[PDB]
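First the structure, in the form of structure tokens, and then the observations on it.
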Amino acid sequence: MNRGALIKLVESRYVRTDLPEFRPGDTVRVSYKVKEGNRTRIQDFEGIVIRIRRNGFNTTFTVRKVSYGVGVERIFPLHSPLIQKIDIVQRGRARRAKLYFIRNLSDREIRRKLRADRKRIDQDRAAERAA
RNA sequence: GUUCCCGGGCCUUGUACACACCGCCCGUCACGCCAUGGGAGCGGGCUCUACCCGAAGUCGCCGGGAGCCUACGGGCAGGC
Ligand SMILES: [Mg+2]
Ligand SMILES: [Mg+2]
Ligand SMILES: [Mg+2]
Ligand SMILES: [Mg+2]
Ligand SMILES: [Mg+2]
Ligand SMILES: [Mg+2]
Ligand SMILES: [Mg+2]
Ligand SMILES: [Mg+2]
Ligand SMILES: [Mg+2]
Ligand SMILES: [Mg+2]
Ligand SMILES: [Mg+2]
Ligand SMILES: [Mg+2]
Ligand SMILES: [Mg+2]
Ligand SMILES: [Mg+2]
């Protein structure tokens, strides 16, 4: 038997292919489905992805932003049906795969440390030219 | 005999006494009221210095791996 195969099979019905690829350092807007009273709505979360744990279907990514003076980090499973869409708002360039270190930097230092990844920007504009 | 004790007469001298020496008056200790100083400290106001971070905005640089406008030796966006 192939135990790994069986797993991926069970998993397969929930796998998404529709979301955009993104790298740690990028700034992103995640439109998340949320429930309150009594309705469900779409609530946006916009920050830098500071980490990407990979485990196939169980890959999860972590996003950090400052909201009204306090730092907030959000963790999302990448194939969560509760995510409507993810919009890349900016490509950034880390030299490092996990970016825990920006937790201790000023807004100025971060801007210096994570410069726009101009390469993937042209690259994003190279597409976005449909036929 | 008039030194002494009581009372009085005259001159004089001292006085913070004049309710007039059966006058006045000082400080502690006890009690009560009020205010003030000190006092381990507690709380508040204002202020000074050094550094970290830093909105809007002006000003300066850039405006390219790069957008929009051309009025293209430019401008705006945008970045520092
Ligand atoms: Mg496995
Ligand atoms: Mg099989
Ligand atoms: Mg006599
Ligand atoms: Mg006589
Ligand atoms: Mg006399
Ligand atoms: Mg006497
Ligand atoms: Mg006192
Ligand atoms: Mg005092
Ligand atoms: Mg004090
Ligand atoms: Mg004080
Ligand atoms: Mg310091
Ligand atoms: Mg400064
Ligand atoms: Mg130009
Ligand atoms: Mg400008």
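Every chain in the structure tokens has a letter given in the order shown (A, B, ...), and although residue numbers restart at 1 in each chain, ligands are simply numbered from 1 in the order shown.
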
* Counting only C-alpha atoms (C1' of nucleotides), collect the residues of chain B whose closest atom lies at most 12 Å from chain A, and write them out as a list in words. =>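 Listed by rising number, the hits are residues 52, 53, 54, 64, 65, 66, 67, 79 and 80 of chain B.
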
* To do: Write out as an MDAnalysis selection string the residues lying within 8 Å of residue 84 of chain A, counting only C-alpha atoms (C1' of nucleotides) and excluding same-chain residues fewer than 2 positions away.
  => chainID A and resid 30:33 81:82 86

How would the residues just picked look written out with C-alpha atoms as a PDB file, in the first residue's frame?
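The resulting file, part.pdb, is shown below:
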```
ATOM      1  CA  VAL A  30      -6.696  38.255   2.530  1.00  0.00           C
ATOM      2  CA  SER A  31     -10.475  38.434   2.237  1.00  0.00           C
ATOM      3  CA  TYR A  32     -11.667  36.132   5.035  1.00  0.00           C
ATOM      4  CA  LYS A  33     -15.211  34.901   5.672  1.00  0.00           C
ATOM      5  CA  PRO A  81     -12.625  27.437   2.067  1.00  0.00           C
ATOM      6  CA  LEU A  82     -13.183  30.391   4.357  1.00  0.00           C
ATOM      7  CA  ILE A  86      -5.973  36.788  -1.722  1.00  0.00           C
TER       8      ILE A  86
END
```

* strand (DSSP E or B) per DSSP on the backbone: members of chain A, as a ChimeraX atom specification -> /A:27-35,40-53,60-67,70-77,83-90,92,116

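For ligand 2, the protein and nucleic acid residues at most 7 Å away, judged by only C-alpha atoms (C1' of nucleotides) and all ligand atoms, amount to residues 2, 5 and 6 of chain A.
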
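Atom CA of residue 66 of chain A to atom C1' of residue 51 of chain B spans 24.8 Å [interatomic distance, one decimal].
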
* Please check which protein, DNA or RNA residues sit within 12 Å of ligand 4, counting only C-alpha atoms (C1' of nucleotides) and all ligand atoms, and write them as a PyMOL selection string. => chain B and resi 8-11

* Measure the distance from atom CA of residue 46 of chain A to atom CA of residue 62 of chain A in Å and round it to one decimal. =>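 Here the two named atoms are 11.3 Å from each other.
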
Would you tabulate, counting only C-alpha atoms (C1' of nucleotides) and all ligand atoms, all residues of chain B that have an atom at most 10 Å from an atom of ligand 6, showing the closest pair of atoms and their distance in Å to one decimal, sorted by chain then ascending number, as a Markdown table?
```
| residue | atom | partner | partner_atom_place_in_ligand_line | distance |
| --- | --- | --- | --- | --- |
| B:21 | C1' | ligand 6 | 1 (Mg) | 5.7 |
| B:22 | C1' | ligand 6 | 1 (Mg) | 8.4 |
| B:23 | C1' | ligand 6 | 1 (Mg) | 8.1 |
| B:24 | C1' | ligand 6 | 1 (Mg) | 8.8 |
```

* Show me which residues sit within 10 Å of ligand 5 when counting only C-alpha atoms (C1' of nucleotides) and all ligand atoms, and put them as a count of residues only. => 4

* **DSSP-assigned alpha helix (DSSP H) among chain A, expressed as a list in words** =>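 Restricting chain A to alpha helix (DSSP H) produces residues 3, 4, 5, 6, 7, 8, 9, 10, 11, 12, 107, 108, 109, 110, 111, 112, 113, 118, 119, 120, 121, 122, 123, 124, 125 and 126 of chain A.
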
Export, as a tab-separated table (two decimals), in the first residue's frame, the selected residues with N, CA and C atoms.
```tsv
chain	number	residue	atom	x	y	z
A	3	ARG	N	0.85	4.65	1.80
A	3	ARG	CA	0.14	5.41	2.82
A	3	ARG	C	0.06	6.91	2.55
A	4	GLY	N	1.13	7.47	2.00
A	4	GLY	CA	1.16	8.87	1.67
A	4	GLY	C	0.12	9.19	0.62
A	5	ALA	N	0.00	8.30	-0.36
A	5	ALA	CA	-0.93	8.48	-1.47
A	5	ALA	C	-2.36	8.54	-0.97
A	6	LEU	N	-2.71	7.61	-0.08
A	6	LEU	CA	-4.05	7.55	0.50
A	6	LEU	C	-4.45	8.86	1.16
A	7	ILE	N	-3.51	9.41	1.92
A	7	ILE	CA	-3.71	10.68	2.59
A	7	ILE	C	-4.06	11.78	1.60
A	8	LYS	N	-3.15	12.05	0.67
A	8	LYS	CA	-3.35	13.05	-0.38
A	8	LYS	C	-4.68	12.86	-1.11
A	9	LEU	N	-5.15	11.62	-1.18
A	9	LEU	CA	-6.42	11.30	-1.81
A	9	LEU	C	-7.58	11.84	-1.00
A	10	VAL	N	-7.58	11.54	0.29
A	10	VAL	CA	-8.59	12.05	1.19
A	10	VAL	C	-8.59	13.57	1.11
A	11	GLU	N	-7.39	14.13	1.15
A	11	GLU	CA	-7.18	15.58	1.16
A	11	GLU	C	-7.65	16.26	-0.10
A	12	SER	N	-7.58	15.54	-1.21
A	12	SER	CA	-7.69	16.16	-2.53
A	12	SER	C	-8.98	16.95	-2.77
A	107	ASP	N	8.87	51.00	11.69
A	107	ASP	CA	8.25	51.05	10.37
A	107	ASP	C	9.26	51.49	9.32
A	108	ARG	N	10.24	52.28	9.75
A	108	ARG	CA	11.29	52.76	8.86
A	108	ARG	C	12.25	51.64	8.50
A	109	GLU	N	12.74	50.94	9.52
A	109	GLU	CA	13.66	49.83	9.30
A	109	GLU	C	13.08	48.74	8.42
A	110	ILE	N	11.81	48.42	8.62
A	110	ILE	CA	11.16	47.42	7.79
A	110	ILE	C	11.18	47.84	6.32
A	111	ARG	N	10.87	49.11	6.06
A	111	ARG	CA	10.81	49.59	4.69
A	111	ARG	C	12.16	49.48	4.02
A	112	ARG	N	13.21	49.79	4.78
A	112	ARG	CA	14.55	49.62	4.27
A	112	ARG	C	14.85	48.14	4.07
A	113	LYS	N	14.49	47.31	5.05
A	113	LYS	CA	14.94	45.93	5.04
A	113	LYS	C	14.23	45.08	4.00
A	118	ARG	N	11.49	44.13	-7.43
A	118	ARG	CA	11.17	44.74	-8.70
A	118	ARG	C	11.04	43.66	-9.77
A	119	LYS	N	11.87	42.62	-9.66
A	119	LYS	CA	11.85	41.51	-10.60
A	119	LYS	C	10.48	40.85	-10.70
A	120	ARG	N	9.89	40.54	-9.55
A	120	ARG	CA	8.61	39.86	-9.56
A	120	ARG	C	7.49	40.85	-9.87
A	121	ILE	N	7.80	42.14	-9.78
A	121	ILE	CA	6.85	43.17	-10.17
A	121	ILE	C	6.67	43.26	-11.69
A	122	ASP	N	7.78	43.36	-12.42
A	122	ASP	CA	7.74	43.32	-13.89
A	122	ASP	C	7.06	42.03	-14.29
A	123	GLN	N	7.40	40.99	-13.55
A	123	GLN	CA	6.94	39.64	-13.79
A	123	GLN	C	5.43	39.59	-13.62
A	124	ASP	N	4.92	40.27	-12.59
A	124	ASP	CA	3.47	40.36	-12.41
A	124	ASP	C	2.81	41.19	-13.51
A	125	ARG	N	3.54	42.17	-14.03
A	125	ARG	CA	3.00	42.99	-15.11
A	125	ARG	C	3.18	42.35	-16.48
A	126	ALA	N	4.11	41.41	-16.59
A	126	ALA	CA	4.34	40.70	-17.84
A	126	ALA	C	3.11	39.88	-18.18
```

* What residues have any atom no more than 10 Å from ligand 9 when counting only C-alpha atoms (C1' of nucleotides) and all ligand atoms, and can you list them as a ChimeraX atom specification? -> /B:41-44

Please save C-alpha atoms (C1' of nucleotides) of the selected residues as a PDB file, in the first residue's frame.
```pdb
ATOM      1  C1'   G B  41       7.359  59.178  53.462  1.00  0.00           C
ATOM      2  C1'   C B  42       2.755  59.563  50.220  1.00  0.00           C
ATOM      3  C1'   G B  43       0.291  62.398  46.239  1.00  0.00           C
ATOM      4  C1'   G B  44       0.087  66.517  42.499  1.00  0.00           C
TER       5        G B  44
END
```

* To do: Using only C-alpha atoms, find the one residue out of A:42, A:99, A:52, A:131 that sits nearest to residue 78 of chain A.
  => A:52

* If you measure from atom CA of residue 49 of chain A to atom CA of residue 24 of chain A, what distance in Å do you get, rounded to one decimal? ->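 So the two atoms, atom CA of residue 49 of chain A and atom CA of residue 24 of chain A, lie 4.9 Å apart.
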
* What residues have any atom no more than 12 Å from ligand 3 when counting only C-alpha atoms (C1' of nucleotides) and all ligand atoms, and can you list them as a PyMOL selection string? -> chain B and resi 2+4-9

Could you give me, as JSON lines, every chain B residue with an atom at most 10 Å from ligand 14, plus its closest atom pair and distance in Å to one decimal, counting only C-alpha atoms (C1' of nucleotides) and all ligand atoms, rows ordered by chain then number?
```
{"residue": "B:62", "atom": "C1'", "partner": "ligand 14", "partner_atom_place_in_ligand_line": "1 (Mg)", "distance": 9.7}
{"residue": "B:63", "atom": "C1'", "partner": "ligand 14", "partner_atom_place_in_ligand_line": "1 (Mg)", "distance": 8.4}
{"residue": "B:76", "atom": "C1'", "partner": "ligand 14", "partner_atom_place_in_ligand_line": "1 (Mg)", "distance": 8.0}
{"residue": "B:77", "atom": "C1'", "partner": "ligand 14", "partner_atom_place_in_ligand_line": "1 (Mg)", "distance": 7.3}
{"residue": "B:78", "atom": "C1'", "partner": "ligand 14", "partner_atom_place_in_ligand_line": "1 (Mg)", "distance": 6.9}
{"residue": "B:79", "atom": "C1'", "partner": "ligand 14", "partner_atom_place_in_ligand_line": "1 (Mg)", "distance": 8.6}
```

* Within 8 Å of segment 25-27 of chain A using only C-alpha atoms (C1' of nucleotides), minus same-chain residues under 3 positions, as a VMD selection string -> chain A and resid 22 46 to 50 88 to 94 99 114
